[PDB]
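Asker: Sequence, then structure. It's an experimental one.
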Amino acid sequence: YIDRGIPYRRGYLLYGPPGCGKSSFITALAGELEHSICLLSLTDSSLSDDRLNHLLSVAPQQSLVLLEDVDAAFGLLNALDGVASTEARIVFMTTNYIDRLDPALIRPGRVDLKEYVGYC
Amino acid sequence: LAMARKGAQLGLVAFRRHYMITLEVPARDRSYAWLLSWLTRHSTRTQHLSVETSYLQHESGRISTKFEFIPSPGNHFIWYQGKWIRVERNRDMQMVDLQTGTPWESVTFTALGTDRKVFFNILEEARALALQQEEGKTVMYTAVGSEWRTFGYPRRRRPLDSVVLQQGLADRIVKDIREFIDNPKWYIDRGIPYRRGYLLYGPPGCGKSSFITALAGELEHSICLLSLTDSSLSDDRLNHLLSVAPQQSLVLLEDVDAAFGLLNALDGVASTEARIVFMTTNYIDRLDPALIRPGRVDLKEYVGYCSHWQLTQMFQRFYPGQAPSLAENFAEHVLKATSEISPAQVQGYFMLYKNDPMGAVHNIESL
Amino acid sequence: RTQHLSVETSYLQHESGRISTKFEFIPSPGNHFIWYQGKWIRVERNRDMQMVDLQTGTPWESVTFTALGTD
Amino acid sequence: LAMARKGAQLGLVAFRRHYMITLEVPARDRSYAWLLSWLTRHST
C-alpha cells in the first residue's frame, strides 16, 4: 500500500435487520486475529463533529473502531478521511436499515466492502 | 634479595609491552551492546555464549518476545582483516552502579602491532549494524491553544518518488531546499534573515499535501500544520505560534485564500533559525499581490492536471513487470477520451482493478 | 600515536527521530608517557574499588601527572 | 620454579577446553523463570 501512494485504510460496512448478532460477530473477529476494539455511539449528544475527527484521528494502535447505528446521524462524509491517516485505521460501521444511507458511502477509499446479513 | 629483582625485571618487561601491543576499552556506555552484537555475526561458531531477551507486552494483551545472543564472560578470540584479536568480557564485584543497577561489565580488545587503524573500523562496522535497523519516522505536530503538541504517533515516511507531479518540479524544489539548508553561513554574513518560503497553487485534489509530507520525510525533517479556517485562531496568537516553531521542522498553511496580519505576521523580529514555510491554495485568483516579493515568498510553482509522462509513471509504478507499450496506450486512451483528469480521480477509478492490469487497460471508456 | 586507548560516545536522539552519533577518544587506564616543552611527564589514570560515588554513579577515576624538577 | 609452570600447563589446558566444550549463561532477566520451570517437568 505505501509504495503505490494509497492511504493505508480499508473500511467495511455491515447492514441488515436488527437482532442478528452483528456486534457479536465483530467482537469475535476482533478476538480472533489479536486486535482490540473501541466503539462509539453516534446517538450521543456530547459528541461533536470536530471532536469526532479528533477521536477517529488518534485511535490507538492495533485496534478496530466501531460505529453503531450510523443511519441516525447523516461532517462524517468528510471526517472518515483526512490528513490524519494513522497506520492500520480499520473501521466498521453497522446499520439496521440500508434505505437511509447516503449514496456516497460505497465508493473506494471511504467504504471498501459491503455485505448483507439477515434472516436465517 | 633476588625476589624484589624478579619483580623488578617483570616490572621492566611490562613497560616494553606498551610500545608494541595495542588495547581498547569501553565502559558500558552506548557502545557495549553494538560492539557485542557485532561480535556475534562475525564468527557464528562462537561457543561460550549468553542471552538477552525482550518482553514488552503491547496493549491488547499481545506478546512480542524475541531473543538476542551475546558472548559470555571470560575470554574469546577472533580473526579480523589480518590480525588475531583477543576479547575479555571482564565482570567484577565493583557492582554498586546506580546508573544501571547492575555490575560493571568491562569489555577489552587487545592485539599486537602498532597500527591502530583496526579497532576504529571495528567500531564503524559495529555502528553499521547498530544503526541500520531503526527506520526514521516522521513526527507530526499540531497547534492547540498557543502551543505546539505531538498530535498522533509517528508514521511511515513515504519515498520521495511516491507521488509524481509534472516532470521537473520535484527535483527543482528539492534542489532549492538542499541549497537553502546545506550552506547556512552564506546567509548570516550578508545580513539577511534565515528564511525562504515557498507557495504552491493549483486545482484541488492533486496530491499537494502528500507531496509536502513526502518531501518532509525525505530530508529528515518534521512538520507542523495549521488550518487557517479555524475560529479559535487569532492573529496575535498566529504570530506567537509561527514565532516559536520547533527546530528542524516545516510549518504548513492550508487554504490561505480564505484568510486575507498575516502580511505582517509572516515576518518579524522573531526569526528563529531554519523557519521554512509552505503555503497551499486551490485558487490563485484570490491571492493578494504582495505574496510574491522576496523575503516573504521566495518561489512559486504550478501543479495541476496531468500530462503524458505522469499517467505512464503511475501505471508503471502500480503494477511491476508488464508491457510498457500497454501503459503507453493506457495513457493515450485516457488522454483522447478525457480532456482533463486529476491524480485523485484517476486513483479512484484505478483502484477498482486490484492486480487486474489487462482489465484496467481494457476498461478505459468508463470515463 | 597513543595506543592503550578507550572510548566515549554521545547519542542524544533529537526530535523528528534523527540520530546524531559521534565518537570521542580517551587514553585508557594504566600508565602513559609524554613529551611537553623540555621534560618527560608520566600519567597514571588510576581506577579503584572505591566506587560508591552517588555524585556520578560510577567509580572514582583519578588522574595524576608526575615529573622531575622544581619548576 | 616448577610451580609457576604447573600453573602454566593448567592455563594451557584451560584454553584447549574452549574449542570442545559449550556453555550457556543467563543473567536473571526474563528467561530465568521460564528456563527453570522447564527444568522441573523434564525430570520429575
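Answerer: In hand now; what should we look at? Numbers count the residues shown, from 1 in each chain, chains lettered A, B, ... in the order given.
Asker: CA only for contacts and neighbour counts going forward, please
Answerer: Fine.
Asker: how about the helices in chain A?
Answerer: For chain A, applying DSSP state H gives helices covering A:22-32, A:49-57, A:76-79.
Asker: What segments of chain A are strands?
Answerer: Listed in chain order, the strands of chain A (DSSP state E) span A:14-15, A:36-41, A:63-68, A:90-93, A:115-116.
Asker: Packing partners of the third one?
Answerer: By that I understand strand A:63-68. Judged by 3 or more CA pairs under 8 Å, 6 or more residues apart in numbering or on different chains; DSSP states H and E, the packing partners of strand A:63-68 are strand A:36-41, strand A:90-93.
Asker: which other residues reach that strand?
Answerer: If you take CA atoms under 8 Å, 6 or more residues apart in numbering or on different chains as the criterion, strand A:63-68 is touched by A:30, A:35-42, A:56, A:59, A:88-95.
Asker: Taking chain A, what residue is nearest to chain C?
Answerer: Closest approach between chain A and chain C, counting by CA to the nearest CA: residue A:86, at 16.8 Å.
Asker: give me every residue that touches that residue.
Answerer: The contact partners of residue A:86, taken as CA under 8 Å, 6+ apart, are A:8, A:57, A:58, A:59, B:152, B:153, B:155.
Asker: Same question for residue A:36.
Answerer: By CA under 8 Å, 6+ apart, residue A:36 lies in contact with A:30, A:62, A:63, A:64, B:60.
Asker: Just list the residues touching residue A:10, thanks.
Answerer: A:89, A:90, A:91, A:109, A:110, A:111, A:112.
Asker: Please apply the same query to residue A:27.
Answerer: With CA under 8 Å, 6+ apart, residue A:27 has these contacts: residue A:37.
Asker: tell me which parts of chain A are close to chain D?
Answerer: Counting by CA under 8 Å from any CA of the partner chain, no position of chain A is adjacent to chain D.
Asker: Around chain C, which positions in chain A sit nearby?
Answerer: Counting by CA under 8 Å from any CA, no residue of chain A is near chain C.
Asker: Which single residue of chain A approaches chain D most closely?
Answerer: Distances between chain A and chain D by CA to the nearest CA are smallest at residue A:34, namely 22.9 Å.
Asker: Could you pull up the residues touching that residue?
Answerer: B:60, B:62.
Asker: Okay, now stretch A:67-85: how far is its last residue from its first?
Answerer: 18 Å (CA to CA, to the nearest Å).
Asker: same thing with stretch A:55-73?
Answerer: End-to-end distance for stretch A:55-73: 16 Å, by CA to CA.
Asker: How about that stretch, which residues are buried there?
Answerer: Neighbour counts over stretch A:55-73 (16 or more other CA atoms under 10 Å in any protein chain shown) mark A:56-57, A:59-71 as buried.
Asker: Which residues of chain A lie near chain B?
Answerer: Checking chain A against chain B by CA under 8 Å from any CA, the hits are A:2-5, A:34-36, A:57-58, A:62, A:86-87, A:108-109.
Asker: Can you get me a residue count around the residue nearest to residue A:14 when sequence neighbours are not counted?
Answerer: Nearest non-adjacent residue to residue A:14, counting by CA to CA, 6 or more residues apart in numbering or on different chains: residue A:94, 5.0 Å away. With neighbours defined by other CA atoms under 10 Å in any protein chain shown, the count for residue A:94 comes to 20.
Asker: Kindly list the main-chain dihedrals of residue A:94?
Answerer: The phi and psi values for residue A:94, taken as degrees, to the nearest 10, are phi -120, psi 160.
Asker: my guess is it meets residue A:17, correct?
Answerer: No. Counting by CA atoms under 8 Å, residue A:94 stays clear of residue A:17, with 10.4 Å between them.
Asker: so which pair among the contacts of residue A:36 is furthest apart in space?
Answerer: Using CA to CA, the contacts of residue A:36 span at most 11.3 Å, a distance reached by A:64 and B:60.
Asker: Most tightly packed of the helices of chain A?
Answerer: Among those, helix A:49-57 has the highest mean neighbour count (mean count of other CA atoms under 10 Å in any protein chain shown), at a mean of 15.
Asker: what sits up against that one?
Answerer: A:65, A:75, A:76, A:79, A:80, A:84, A:85, A:86, B:152.
Asker: Try it again at 6 Å.
Answerer: Residues from elsewhere that reach helix A:49-57 (CA atoms under 6 Å, 6 or more residues apart in numbering or on different chains): A:79, A:84.
Asker: Taking strand A:63-68 as reference, get the angle to it.
Answerer: Computed by axes from the mean of the first three to the mean of the last three CA atoms, to 10 degrees, the angle separating helix A:49-57 from strand A:63-68 equals 140 degrees.
Asker: So what's the gap between helix A:49-57 and the chain middle?
Answerer: Distance of helix A:49-57 from its chain centroid, counting by CA atoms, centre = their mean, to the nearest Å, is 13 Å.
Asker: again, but for stretch A:85-93
Answerer: Going by CA atoms, centre = their mean, where stretch A:85-93 is centred and where its chain is centred differ by 8 Å.
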